[PDB]
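Undergrad: Have a look at the structure that comes next, please.
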Amino acid sequence: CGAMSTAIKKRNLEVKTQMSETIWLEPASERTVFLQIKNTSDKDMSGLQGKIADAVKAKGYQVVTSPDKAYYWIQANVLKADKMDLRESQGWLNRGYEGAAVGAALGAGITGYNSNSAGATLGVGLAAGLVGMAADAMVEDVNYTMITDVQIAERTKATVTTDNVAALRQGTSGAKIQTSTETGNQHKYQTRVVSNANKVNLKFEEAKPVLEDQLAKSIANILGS
Amino acid sequence: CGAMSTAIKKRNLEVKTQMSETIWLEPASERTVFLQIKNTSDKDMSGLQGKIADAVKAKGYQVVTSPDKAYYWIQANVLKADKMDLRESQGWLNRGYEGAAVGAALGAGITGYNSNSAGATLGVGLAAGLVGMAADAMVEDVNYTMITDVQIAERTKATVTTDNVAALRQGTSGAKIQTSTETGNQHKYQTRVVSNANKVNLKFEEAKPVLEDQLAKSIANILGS
Amino acid sequence: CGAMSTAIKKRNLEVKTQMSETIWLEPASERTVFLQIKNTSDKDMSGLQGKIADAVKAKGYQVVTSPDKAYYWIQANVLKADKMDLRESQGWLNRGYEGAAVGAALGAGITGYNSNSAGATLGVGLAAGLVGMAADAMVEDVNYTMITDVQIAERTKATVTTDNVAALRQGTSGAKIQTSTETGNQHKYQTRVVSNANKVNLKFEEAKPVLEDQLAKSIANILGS
Amino acid sequence: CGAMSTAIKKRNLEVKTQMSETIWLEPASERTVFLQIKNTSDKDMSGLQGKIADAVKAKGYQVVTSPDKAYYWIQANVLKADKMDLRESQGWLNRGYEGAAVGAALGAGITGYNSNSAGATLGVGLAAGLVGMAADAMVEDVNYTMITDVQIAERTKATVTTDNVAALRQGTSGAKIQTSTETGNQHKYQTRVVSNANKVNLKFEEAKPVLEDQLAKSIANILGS
Amino acid sequence: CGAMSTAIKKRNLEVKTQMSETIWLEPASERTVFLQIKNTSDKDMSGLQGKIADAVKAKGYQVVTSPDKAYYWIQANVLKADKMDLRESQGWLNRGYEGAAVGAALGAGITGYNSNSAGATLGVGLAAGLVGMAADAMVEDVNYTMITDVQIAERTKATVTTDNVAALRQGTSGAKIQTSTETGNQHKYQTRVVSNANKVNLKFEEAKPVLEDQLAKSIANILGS
Amino acid sequence: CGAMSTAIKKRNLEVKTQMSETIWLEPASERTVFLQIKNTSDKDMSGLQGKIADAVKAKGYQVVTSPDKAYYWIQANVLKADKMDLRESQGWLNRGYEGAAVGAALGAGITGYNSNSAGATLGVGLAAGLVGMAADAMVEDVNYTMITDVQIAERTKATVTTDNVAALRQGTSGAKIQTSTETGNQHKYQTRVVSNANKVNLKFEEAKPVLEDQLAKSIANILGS
Amino acid sequence: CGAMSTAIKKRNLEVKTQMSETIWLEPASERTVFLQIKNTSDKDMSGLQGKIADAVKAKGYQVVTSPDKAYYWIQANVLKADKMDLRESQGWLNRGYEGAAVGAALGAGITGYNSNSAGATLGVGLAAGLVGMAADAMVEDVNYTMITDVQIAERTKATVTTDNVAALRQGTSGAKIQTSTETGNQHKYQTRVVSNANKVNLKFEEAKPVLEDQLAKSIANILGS
Amino acid sequence: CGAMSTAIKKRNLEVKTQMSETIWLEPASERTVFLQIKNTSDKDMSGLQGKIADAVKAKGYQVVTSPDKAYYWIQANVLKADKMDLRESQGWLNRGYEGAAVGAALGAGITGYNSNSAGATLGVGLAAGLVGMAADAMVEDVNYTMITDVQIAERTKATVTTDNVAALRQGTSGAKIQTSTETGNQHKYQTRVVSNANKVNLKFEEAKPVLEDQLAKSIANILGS
Amino acid sequence: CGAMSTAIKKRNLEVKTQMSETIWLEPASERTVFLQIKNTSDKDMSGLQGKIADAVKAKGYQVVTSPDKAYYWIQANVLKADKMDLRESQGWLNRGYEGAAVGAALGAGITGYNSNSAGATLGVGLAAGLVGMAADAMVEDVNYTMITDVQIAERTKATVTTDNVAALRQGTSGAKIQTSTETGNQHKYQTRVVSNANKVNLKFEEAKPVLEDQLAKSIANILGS
């Protein structure tokens, strides 16, 4: 019954996309944008860059290839992707005990009909319980979580000093500290986007296109209009 | 019965809009306002800018298009949007167990009437229990939460130094620290608005207009009169 | 019975108004006051400014329109407003289970009178239980909470330096820090007022006038006499 | 029975007045005092100033009207006032369940006398239970809490530098910091007084005079003799 | 029975007086003492100054009236006074349930004697239970707590700089900081005395003289001999 | 039954690969890459370097052997590898008690058939219980966790100062602190990759190729295109 | 049965070797290595040095005897070794109660066969219970944990200053702080290796060779190739 | 039975010796060692110095008597020694209740044989229970814990400054701080060794020789070879 | 039975002596020692000084009387002594309830023998229960804890500056801070020794000699040989 409740409840693909914080951009008349999209997750999003480009072009911006002559940069990295079962949150009643119980109780459906108390009743009841447990275990409330990192670069007129500071860990004992200083006319801001795709027995190939659509729309809407 | 209680209780769309903190503006005789509204959430709020403009014009302010000649700026970003089920807070009695129980108990309504103990009683009881569980599971106490970031800019006479400081994270190890300094005659303040729309089996298309109305009224009332 | 207890207990509108901290003003012979009242909440408090003006005039102070020639400023912002059900604090026994139980037990009132055990007894009992649950669910112990921010300005003779410091958050990564310095002959102090209006099935239109009265009286009494 | 216990226990008005900390004043031969009493609470304490003046005059001090020629200042503000029910601390056994139970058990008083098991017994028992629940709910153990802030000013011969420092919060983001410096021959000290008035079904009009008496006596006794 | 146990246990007035910390005074041949006793509590301790003077004179010290020519100062302030019921610590078994139970069980004393099962037995039992509950509720284990602040001043030969520092809170936002510096030949030390008076149904008029005696003896014994 | 549920649920090899944080690389026209892969874990991943080289070459980059003339460095170390049983999370119902119980209950399958209550029934039941416990204990839900450290070096034009700081612990008492400074034109960033391979009775030889494939794809995708 | 489950589960020697953190070594053409292996644990690991030397030679490195002419140093210390019983984690069901229970229940195997209720049944049952408890207690799930400290030294060209700082504790009261400074051309890094050997009734002589093999392979693989 | 389980489990002397941290010594050609072993514990370890000397000589080092001409110093102090009962960890079932229960149940062994229900059965049962409780209480799972502090001194060429800092506590109030500075050519490092000897009814005289052997071997192995 | 278990378990005097931390003394050829032993505890340890002197003389050291010509100082203070009952750790089953229960159950020993059910059986049972409770209460598992502070002074050649710093508390308010500086050629170190003497119904006069022996041996062994 729990599997039936899960199947009835989350019978439709539900997709959520949430930005972490807001990046404020001053109004400007420049239109050039340069995109750089990477994917270091096990899942596949090959069309994300194209969808981002289409959404950006829909706002009047012009997408260029050489980063030198672009006023805006959209750097995105699909960093992490995980798949989990929400039914596992309860721990119990998920392995298949309830389905097994229902299947076993189904044996009363054979004690009251046709041959009964003939030994075959126990076998039929055991088979029904096993089938019920298998069916209950094969129903999964799958949720895909995806973490994307976005870095927006905006060209300015004030000199910007970038101070690279890295502390490369070195075997418990210590670390190597690297520091450097550069000067350039470009501001960079970061943000994080979290995506969720929930369904019953969901396969990522079905959730991929709408996930890409929502992520591209959000990242493009960072730019505004 | 729990589903019936939820349906009776939250039978009307309830909308709440709460501002985080107060932004104090000194009295002034200037009227020009420039609006910039963005939406990086999965939900659609397309009429928010128009409603904000109408509410601002209702207060005697004049909305202009070029930010250079505007005394006030209203920068808003509909940052986040989430949908949740309040019935999930209890965890149990929400999957549909209670409705299933009521449906099963309905079988006594067929044991006392017409044919009984004929085997068909068990089938009718099981069907009624399944239908009751399905009906109980299909009743949702949905709540939509919306997070909006507002940034108000007011022109002043004192020189304002903006110190851009960003710490762009770089792979566990370190970060790139960007710093810059600009000078301009403009103060900027921030605030956050949280909106909630609650109803039973609510669809966001119904809650959208009143949500926009309340959000626009609050953001415009920041300006006063 | 719980709904009956709630209805009996909070049968009268109860309104509480509490200031957070005390603002100490030195004795002075000046009388001019300038009011500025804003409302960024979903609730409507339109008469608050007029009531504040009347209460201030009742103390001998004179209300002026131009802030330049006013010795005192009363800046108020009705910031937040929320509505909650106190019965929800128990969680259970609030959905309507107790009323349903009473309604079901009412079926014994039909088993002992007129026709009984005729099948219609179960139907009448179920209808009575449903009606009891509906009646229990429709009784709400509503409490409206209002948060108001007050800022009192008093003109002095010592030069006051205002150091505007703002840290506008910028996308997880960083922030823009704005700093400015002004000099003027005016001190400003803040405070917070919390208002509560409690009743059974209360509508805010009934609680609005007394809420405004108490809030205006408190804010005016800040000035003393 | 619980309501009866509460009524028997707290049948008399109990008033407590507790000062927070001690303000030490050096012995002096000066007698002039200037009073300034304000009330920013919803409760009415109009006679507090007169009672303070009478208590101060009873100690040999002389009350003056112009603060310039007063050696001592007594600045008081009745800041907060709240009303609560102590029976609510238990949560349960307070709504009226126990009174309802007693009223229902009273039905045995009609089963053993006159007509019985006639249907009217159930109605009489239900009416008695309802009346008992209403009576139990209508008994309240009310406690009024009052918070008063006292500021005593004493004239000295050493130059006292007052450094006004205020951090006016500005919309989550930041704050405006106001600083100023003045020089004068006056020390100021603060303290807090907490008053409690407890009774059953107490109305504040009855507890007002003794509350004022105790508060005035404490504030005057700060001065000593 | 619990009330009987409390009455038997704390049948005698028990008074405890505890000093917080020790004030060390160097041996000296000076005898002059100046007393200054104040009372800012709701309780009345009028004879405390006289008892302190008597105890000090019993040690060979001489009490003077003008503070200028006194080597020692004894400044005392009876700051706080509270009254509580120790039986309330258990919460339950204190309202009167146990006495009510005993009174109800007393009805068996009328079922076995004279007329019985005549209806009057229930009435007599109910009256006995009510009387028992009333008697149990009217027995109170009262404890009076008194907090006194003591400040001892001793004249010395080294110059003592007193730095008055006060932070007068100003409405959530900020504070006014007052600082001053004086020079004088006098050291001052503080301490706290806590007094407790415990009895059953105790009235403060009975506990006042012994409380004053113990407090005066302790404060005088600070001086030694 | 629990073992059957585990076998049905995790019947397919599930491999997850998650990067810790994002390493941002500026766009560049350089293609040369130098690989250095080490493995300090007990598991064997010998083909990881070849797969990384193939994936990098698929992106248009050119792999060189001498690190001096390489623009990019990919340094990877398969640091840790652990194997655990997820069924051990429950602690109980995993040792084999449930399988033993089922096997023992199987004895009723021999009491109802053929010879019964002949002593041999107990022996057959005990053997069946032992076999069931053994079968339940031999089903393992194995999960392999692999921790890999990645260090990417990118050649730049700004001088980079590396400050080696190490605190070699010396016997509880103290430490030897080594510090040195070098200058070079190369930035280095770190990151961590976590891999999981889950199955029932999984042998690492089966999970090795897919684990290597996913890890190589992620590390190569760090470079982008 | 628990002992049987443990024996079935961990019937094979399971050995795990995990490095704590990664030591990064720059690519170099030098091959000379100097080994120094010590063992301050109670267990015997005598072949570890030879296995490390063989593994290092298998990578093309050349092992030398004089540390002066060695480019690399491999300093290792087998610091700690502990042996524990995993069955002790449950605390109960481990002493032998379950085996005793099974042995006692075996007495029913003698009540149903041959002589019974003859007194000898109790003796046989007691002997069987004692033997079962002894057998259950004699089955141990032994786990050997080994902690090894590794220190790798690499010759460089930059001057390295070693600051020896030691705080030798001196009897609760204090410490003796020793500080010294040396200069040399050698970097040193540390790391920790944790080894586990798990089996039923395992003797360390069986787990020693594979433990040495894995530890040597890991330490050598630090060097790479 | 619990005593029997303990006796069966820990029937053999188990000795563990664990060093806290590793002391790293640079390779050197010097051989001279000077030993200084002290024992401030209640237990007797007289042969520890001789065993340390033998183990050191077995490594090729030469033991000298005058510390002036020794390159290495081995300073050891057997600081603490404690004896505990592991069975006390359970608290209950250790005093002897279980043995008493078994002894009492043994009375059924006399009710079924020879004379019975003759009064002597109760006496025999009581005596058996007392004997069983005594036997259960006399079985102890004893564990001896020893804490040893080791201080190794190594002669160097760099000047080492020792800063003696001690804070001798002085009666709650304060402390006497002693500081001094010396210069010498010697480094000193510390470490701690923890030894455990576990057995049933173990006497320290049996565990002493192997404890000394393991401790000496570990301390000598600090030096290496 | 619990008292019997305690008496059987701790039937022999068990004495433990544990030093807190190690005091390291450099090797030296000086022999002179000066002892100073004080006892500020309620217990009597009069022979401790003599035993310390004997133990020190047994090591070849020479004890002198004038501290000026002594190379070593042994300053010891037997600071604290406490006596506790370990049986009180359980709280319950210690007052004597179990012994009372056994004594009461002994009444069955008189119901089955001689006269019975004659009223005298109850009296004999009550007397036996009272005697059993008294006997159980009179068995105490006494543990004496002794805390000793040791201060060892060693003469050196480096100048040692002692900075006396004391913060004498002055009545809650403040403190008097005393500071002084002296110079001398002597180092001082501290340590703490904890002694425990455990037995059933132990009297300190029996545990005194062995306590002194162990404490003296430990303090003397601080010096070594």
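Labels for the structure tokens follow display order: chains A, B, ..., residues from 1 in each chain, ligands from 1.
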Applying 10 Å and only C-alpha atoms, which residues near residue 73 in chain B remain after dropping the ones on its own chain fewer than 5 positions away? List them as a PyMOL selection string.

TA: chain B and resi 32-36+63-64+67+151-155+186+188

Undergrad: Please save C-alpha atoms of the selected residues as a PDB file, in the first residue's frame.

TA:
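The result, stored in result_33.pdb:
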ATOM      1  CA  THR B  32      11.834  60.238 -10.519  1.00  0.00           C
ATOM      2  CA  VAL B  33      12.047  56.444 -10.163  1.00  0.00           C
ATOM      3  CA  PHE B  34      13.760  53.817 -12.331  1.00  0.00           C
ATOM      4  CA  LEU B  35      12.653  50.183 -12.112  1.00  0.00           C
ATOM      5  CA  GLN B  36      14.669  47.035 -12.816  1.00  0.00           C
ATOM      6  CA  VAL B  63       8.690  56.452 -13.649  1.00  0.00           C
ATOM      7  CA  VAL B  64      11.524  57.107 -16.103  1.00  0.00           C
ATOM      8  CA  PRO B  67      18.668  55.383 -14.936  1.00  0.00           C
ATOM      9  CA  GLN B 151      17.750  46.909  -3.628  1.00  0.00           C
ATOM     10  CA  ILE B 152      16.795  50.585  -3.345  1.00  0.00           C
ATOM     11  CA  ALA B 153      19.188  53.263  -4.587  1.00  0.00           C
ATOM     12  CA  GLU B 154      18.864  56.881  -3.462  1.00  0.00           C
ATOM     13  CA  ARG B 155      20.887  59.755  -4.893  1.00  0.00           C
ATOM     14  CA  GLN B 186      24.458  57.148  -4.737  1.00  0.00           C
ATOM     15  CA  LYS B 188      22.205  51.582  -1.948  1.00  0.00           C
TER      16      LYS B 188
END

Undergrad: Mind listing as number ranges by chain which residues of chain A are within 7 Å of chain C, counting only C-alpha atoms?

TA: A: 21-24, 189-191

Undergrad: Can you spit out the residues from that selection as a PDB file, in the first residue's frame, using C-alpha atoms?

TA:
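Output saved as result-v3.pdb:
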ATOM      1  CA  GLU A  21      21.897  34.295  -3.999  1.00  0.00           C
ATOM      2  CA  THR A  22      21.281  37.273  -6.265  1.00  0.00           C
ATOM      3  CA  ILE A  23      23.979  38.830  -8.442  1.00  0.00           C
ATOM      4  CA  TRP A  24      23.295  42.530  -8.982  1.00  0.00           C
ATOM      5  CA  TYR A 189      30.803  37.179  -9.106  1.00  0.00           C
ATOM      6  CA  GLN A 190      29.709  33.664  -8.205  1.00  0.00           C
ATOM      7  CA  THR A 191      26.480  31.858  -7.373  1.00  0.00           C
TER       8      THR A 191
END

Undergrad: From a DSSP pass on the backbone, collect the residues of range 40-194 of chain A flagged as strand (DSSP E) and hand them back as a PyMOL selection string.

TA: chain A and resi 62-63+72-85+141-154+160-170+174-184+187-194

Undergrad: So that I can check the surroundings of residue 54 in chain G, please list as an mmCIF file with C-alpha atoms, in the first residue's frame every protein, DNA and RNA residue that reaches within 12 Å of it, counting only C-alpha atoms and ignoring chain neighbours fewer than 6 positions away.

TA:
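This is the output file result-v4.cif:
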data_model
loop_
_atom_site.group_PDB
_atom_site.id
_atom_site.type_symbol
_atom_site.label_atom_id
_atom_site.label_comp_id
_atom_site.auth_asym_id
_atom_site.auth_seq_id
_atom_site.Cartn_x
_atom_site.Cartn_y
_atom_site.Cartn_z
ATOM 1 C CA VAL G 33 66.244 6.556 -2.306
ATOM 2 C CA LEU G 35 65.079 3.853 3.582
ATOM 3 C CA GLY G 47 60.082 -7.930 6.474
ATOM 4 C CA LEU G 48 58.565 -4.494 5.896
ATOM 5 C CA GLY G 60 63.070 1.950 -11.380
ATOM 6 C CA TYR G 61 64.351 3.742 -8.287
ATOM 7 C CA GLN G 62 67.759 2.837 -6.874
ATOM 8 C CA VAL G 63 68.142 2.177 -3.149
ATOM 9 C CA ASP G 213 52.745 -6.373 1.440
ATOM 10 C CA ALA G 216 54.994 -1.569 1.500
ATOM 11 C CA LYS G 217 53.034 -1.173 -1.730
ATOM 12 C CA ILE G 219 54.493 3.567 0.878
ATOM 13 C CA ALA G 220 56.351 2.809 -2.354
ATOM 14 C CA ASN G 221 53.454 4.097 -4.465
#

Undergrad: In Å to one decimal, how far is CA of residue 80 in chain A from CA of residue 163 in chain A?

TA: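 Separation between CA of residue 163 in chain A and CA of residue 80 in chain A: 27.2 Å.
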
Undergrad: I'd like the contact shell of residue 214 in chain H - 12 Å cut-off, only C-alpha atoms, skipping same-chain residues fewer than 3 positions apart - returned as a short mmCIF file (atom, residue, chain, number, x, y, z; two decimals) with C-alpha atoms, in the first residue's frame.

TA:
data_model
loop_
_atom_site.label_atom_id
_atom_site.label_comp_id
_atom_site.auth_asym_id
_atom_site.auth_seq_id
_atom_site.Cartn_x
_atom_site.Cartn_y
_atom_site.Cartn_z
CA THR G 40 57.87 0.64 18.14
CA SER G 41 54.82 -1.63 18.37
CA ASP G 42 54.39 -4.94 20.16
CA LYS G 43 53.66 -6.73 16.89
CA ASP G 44 56.51 -7.96 14.71
CA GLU H 14 47.07 -10.44 27.33
CA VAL H 15 49.63 -7.62 27.22
CA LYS H 16 49.46 -4.54 25.00
CA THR H 17 52.04 -1.75 24.69
CA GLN H 18 51.29 1.38 22.68
CA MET H 19 53.44 4.45 22.06
CA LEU H 48 63.26 -2.45 33.30
CA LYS H 51 66.18 -5.02 29.88
CA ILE H 52 66.42 -1.62 28.17
CA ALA H 55 67.84 -4.37 24.05
CA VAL H 193 53.80 4.69 26.45
CA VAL H 194 50.64 2.98 27.72
CA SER H 195 50.74 -0.66 28.81
CA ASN H 196 47.82 -2.96 29.61
CA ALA H 197 47.87 -6.41 31.21
CA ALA H 207 52.44 -9.83 34.46
CA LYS H 208 55.60 -7.95 35.50
CA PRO H 209 58.24 -9.72 33.35
CA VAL H 210 56.40 -9.57 30.01
CA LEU H 211 55.36 -5.99 30.76
CA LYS H 217 61.68 -3.41 23.50
CA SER H 218 59.51 -0.44 22.50
CA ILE H 219 61.74 2.16 24.16
CA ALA H 220 64.86 0.63 22.61
CA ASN H 221 63.19 0.42 19.19
#

Undergrad: For each of A:2, A:224, A:204, A:199, take the minimum atom-to-atom distance to residue 94 in chain B, counting only C-alpha atoms, then give the residue where this is smallest.

TA: A:2

Undergrad: Show which residues sit within 7 Å of range 7-13 of chain C, as a list in words. Count only C-alpha atoms, and ignore same-chain residues fewer than 2 positions away.

TA: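 Here the answer would be residues 3, 4, 5, 15, 197, 198, 199 and 200 of chain C; 134, 137 and 138 of chain D.
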
Undergrad: Tell me, which residues of chain E carry DSSP helix (DSSP H, G or I), written as a PDB file with C-alpha atoms, in the first residue's frame?

TA:
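For reference, selection.pdb as written:
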ATOM      1  CA  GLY E   2       1.356  16.031  52.012  1.00  0.00           C
ATOM      2  CA  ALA E   3       0.057  19.176  53.694  1.00  0.00           C
ATOM      3  CA  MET E   4       0.370  17.426  57.057  1.00  0.00           C
ATOM      4  CA  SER E   5       3.955  16.463  56.223  1.00  0.00           C
ATOM      5  CA  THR E   6       4.780  20.055  55.270  1.00  0.00           C
ATOM      6  CA  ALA E   7       3.167  21.411  58.443  1.00  0.00           C
ATOM      7  CA  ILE E   8       5.058  18.936  60.629  1.00  0.00           C
ATOM      8  CA  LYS E   9       8.398  19.465  58.862  1.00  0.00           C
ATOM      9  CA  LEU E  48      17.559  47.672  60.315  1.00  0.00           C
ATOM     10  CA  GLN E  49      19.522  50.913  60.708  1.00  0.00           C
ATOM     11  CA  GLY E  50      18.997  50.986  64.465  1.00  0.00           C
ATOM     12  CA  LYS E  51      20.063  47.366  64.855  1.00  0.00           C
ATOM     13  CA  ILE E  52      23.152  47.942  62.704  1.00  0.00           C
ATOM     14  CA  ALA E  53      24.049  50.963  64.831  1.00  0.00           C
ATOM     15  CA  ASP E  54      23.594  48.984  68.049  1.00  0.00           C
ATOM     16  CA  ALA E  55      25.697  46.076  66.787  1.00  0.00           C
ATOM     17  CA  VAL E  56      28.441  48.439  65.614  1.00  0.00           C
ATOM     18  CA  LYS E  57      28.466  50.266  68.957  1.00  0.00           C
ATOM     19  CA  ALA E  58      28.706  46.910  70.736  1.00  0.00           C
ATOM     20  CA  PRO E  67      30.150  61.471  56.577  1.00  0.00           C
ATOM     21  CA  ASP E  68      33.086  63.885  56.262  1.00  0.00           C
ATOM     22  CA  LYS E  69      34.639  62.934  59.613  1.00  0.00           C
ATOM     23  CA  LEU E  86       8.196  25.543  47.963  1.00  0.00           C
ATOM     24  CA  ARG E  87       5.326  23.089  47.463  1.00  0.00           C
ATOM     25  CA  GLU E  88       4.944  24.533  43.954  1.00  0.00           C
ATOM     26  CA  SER E  89       8.274  22.904  43.047  1.00  0.00           C
ATOM     27  CA  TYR E  97      -5.968  16.701  44.484  1.00  0.00           C
ATOM     28  CA  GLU E  98      -4.646  14.549  47.334  1.00  0.00           C
ATOM     29  CA  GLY E  99      -6.769  16.302  49.952  1.00  0.00           C
ATOM     30  CA  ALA E 100      -9.786  15.959  47.676  1.00  0.00           C
ATOM     31  CA  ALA E 101      -9.047  12.241  47.314  1.00  0.00           C
ATOM     32  CA  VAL E 102      -8.829  11.777  51.087  1.00  0.00           C
ATOM     33  CA  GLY E 103     -12.063  13.696  51.573  1.00  0.00           C
ATOM     34  CA  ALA E 104     -13.821  11.589  48.951  1.00  0.00           C
ATOM     35  CA  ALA E 105     -12.526   8.363  50.514  1.00  0.00           C
ATOM     36  CA  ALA E 108     -16.785   5.219  53.111  1.00  0.00           C
ATOM     37  CA  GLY E 109     -16.898   6.462  56.699  1.00  0.00           C
ATOM     38  CA  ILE E 110     -20.557   7.319  56.121  1.00  0.00           C
ATOM     39  CA  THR E 111     -21.417   4.257  54.013  1.00  0.00           C
ATOM     40  CA  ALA E 120     -27.048  11.593  51.108  1.00  0.00           C
ATOM     41  CA  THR E 121     -23.884   9.473  51.180  1.00  0.00           C
ATOM     42  CA  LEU E 122     -22.766  10.924  47.842  1.00  0.00           C
ATOM     43  CA  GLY E 123     -23.480  14.469  49.013  1.00  0.00           C
ATOM     44  CA  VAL E 124     -21.591  14.002  52.275  1.00  0.00           C
ATOM     45  CA  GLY E 125     -18.672  12.443  50.411  1.00  0.00           C
ATOM     46  CA  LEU E 126     -18.564  15.304  47.915  1.00  0.00           C
ATOM     47  CA  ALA E 127     -18.662  17.896  50.700  1.00  0.00           C
ATOM     48  CA  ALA E 128     -15.884  16.077  52.560  1.00  0.00           C
ATOM     49  CA  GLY E 129     -13.768  15.923  49.409  1.00  0.00           C
ATOM     50  CA  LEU E 130     -14.278  19.627  48.757  1.00  0.00           C
ATOM     51  CA  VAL E 131     -13.370  20.493  52.355  1.00  0.00           C
ATOM     52  CA  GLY E 132     -10.273  18.306  52.162  1.00  0.00           C
ATOM     53  CA  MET E 133      -9.167  19.947  48.922  1.00  0.00           C
ATOM     54  CA  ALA E 134      -9.716  23.396  50.430  1.00  0.00           C
ATOM     55  CA  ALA E 135      -7.722  22.494  53.545  1.00  0.00           C
ATOM     56  CA  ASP E 136      -4.892  21.033  51.462  1.00  0.00           C
ATOM     57  CA  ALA E 137      -4.789  24.131  49.254  1.00  0.00           C
ATOM     58  CA  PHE E 204       6.369  38.528  56.986  1.00  0.00           C
ATOM     59  CA  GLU E 205       5.532  40.515  60.128  1.00  0.00           C
ATOM     60  CA  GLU E 206       6.668  37.541  62.213  1.00  0.00           C
ATOM     61  CA  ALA E 207       9.889  36.972  60.251  1.00  0.00           C
ATOM     62  CA  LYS E 208      10.857  40.660  60.126  1.00  0.00           C
ATOM     63  CA  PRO E 209      12.622  41.061  63.522  1.00  0.00           C
ATOM     64  CA  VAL E 210      14.848  37.979  63.279  1.00  0.00           C
ATOM     65  CA  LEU E 211      15.667  38.810  59.654  1.00  0.00           C
ATOM     66  CA  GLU E 212      16.733  42.310  60.697  1.00  0.00           C
ATOM     67  CA  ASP E 213      18.739  40.938  63.629  1.00  0.00           C
ATOM     68  CA  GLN E 214      20.717  38.494  61.499  1.00  0.00           C
ATOM     69  CA  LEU E 215      21.299  40.978  58.675  1.00  0.00           C
ATOM     70  CA  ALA E 216      22.500  43.673  61.077  1.00  0.00           C
ATOM     71  CA  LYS E 217      24.780  41.223  62.877  1.00  0.00           C
ATOM     72  CA  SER E 218      26.379  40.102  59.610  1.00  0.00           C
ATOM     73  CA  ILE E 219      26.877  43.628  58.270  1.00  0.00           C
ATOM     74  CA  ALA E 220      28.367  44.784  61.573  1.00  0.00           C
ATOM     75  CA  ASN E 221      30.610  41.712  61.776  1.00  0.00           C
ATOM     76  CA  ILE E 222      32.094  42.796  58.457  1.00  0.00           C
ATOM     77  CA  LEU E 223      33.903  45.427  60.547  1.00  0.00           C
TER      78      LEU E 223
END

Undergrad: Just the number, please: distance in Å from CA of residue 187 in chain H to CA of residue 156 in chain H, one decimal.

TA: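 CA of residue 187 in chain H sits 6.8 Å away from CA of residue 156 in chain H.
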